[PDB]
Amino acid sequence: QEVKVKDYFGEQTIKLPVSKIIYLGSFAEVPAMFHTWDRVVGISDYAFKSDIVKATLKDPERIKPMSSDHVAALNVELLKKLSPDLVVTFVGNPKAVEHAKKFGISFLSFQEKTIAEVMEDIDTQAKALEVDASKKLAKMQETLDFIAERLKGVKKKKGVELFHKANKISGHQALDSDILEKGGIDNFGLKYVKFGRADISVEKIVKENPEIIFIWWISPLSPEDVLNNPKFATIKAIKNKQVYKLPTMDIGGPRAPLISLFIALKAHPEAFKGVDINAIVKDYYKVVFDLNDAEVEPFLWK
């Protein structure tokens, strides 16, 4: 039994059913939305810091922590030892993934660049896991439609996101950039960075003078590290205390629309006036993750 799907490398044929899966580099919250944690035998170690992973994975001790590095060679010997039927992986190094795929194990490989693409890739995974994701994907889209409707006619705020260091930002073909855009941010990184995330000189950041700055949830930087950086003292975002760390939500996953909502609410609070934000957040978690009221509580905002 099999199913044909498409990924980064073209058509793939997935043998069914899938018993053991590994998540490398992205999509760590997918098992949470599908209730398939029992099928997971390995996951990139960043995942254990996600709050929906912490809450929904009952036996984290069972799952082998894997590398969260996208560039170095994949650990093919560990992959073979865990005997997965399927490895879902983020392609940060096409050649290294291709190299990895030459060892007898099926890969489903993605490089999600937009929230729209995230949802397509989630649906592809749902085919491999033989789950019906339609209602959950629809909730994701309803939420995107809602944000867009509130931001209609609102002038975007000039901003940028910082990554592991204070001069690494995102540009074209970066899911972070799409998430910023859907949050109502004019990301100046598009002007400087031609693909993914890359460095820029601090003097260009100062010249661009962003009104708001976000920090990648995996970054070691705190908002204070940025606020107190002498290099940034003349920047509007610093002077006006508009520096925010993004929530503990994996970008390539079922909560991407909530990250854009978070950004929109920070950037354009006036756009969300007669909106019951926590009702929206509550129903998002109930539908997407099947949480009950008590379980939803720590995920509500403020």
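A residue's number is simply how far along the shown sequence it sits, counting from 1.
- For the two regions 51-59 and 269-277, the entry's Cα B-factors average higher over 269-277.
- The stretch 222-230 shows the higher mean C-alpha B-factor when 222-230 is compared against 206-214 in the entry.
- Sorting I115, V88, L74, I122 by the CA temperature factor given in the entry leaves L74 at the top.
- Comparing the listed residues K158, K194, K136, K155, the entry records the largest Cα B-factor for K155.
- Ranked by C-alpha B-factor against the other modelled residues of its chain, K182 falls in the lowest third.
- Per the deposited record, the Cα B-factor of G10 falls in the highest third when ranked against the other modelled residues of its chain.
- For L16, the recorded CA B-factor ranks within the middle third of the chain. Only modelled residues enter the ranking.
- In this PDB entry, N167 carries a Cα temperature factor that places it within the lowest third of its chain's modelled residues.
- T143 sits in the lowest third of its chain by CA B factor, as recorded in the PDB entry.
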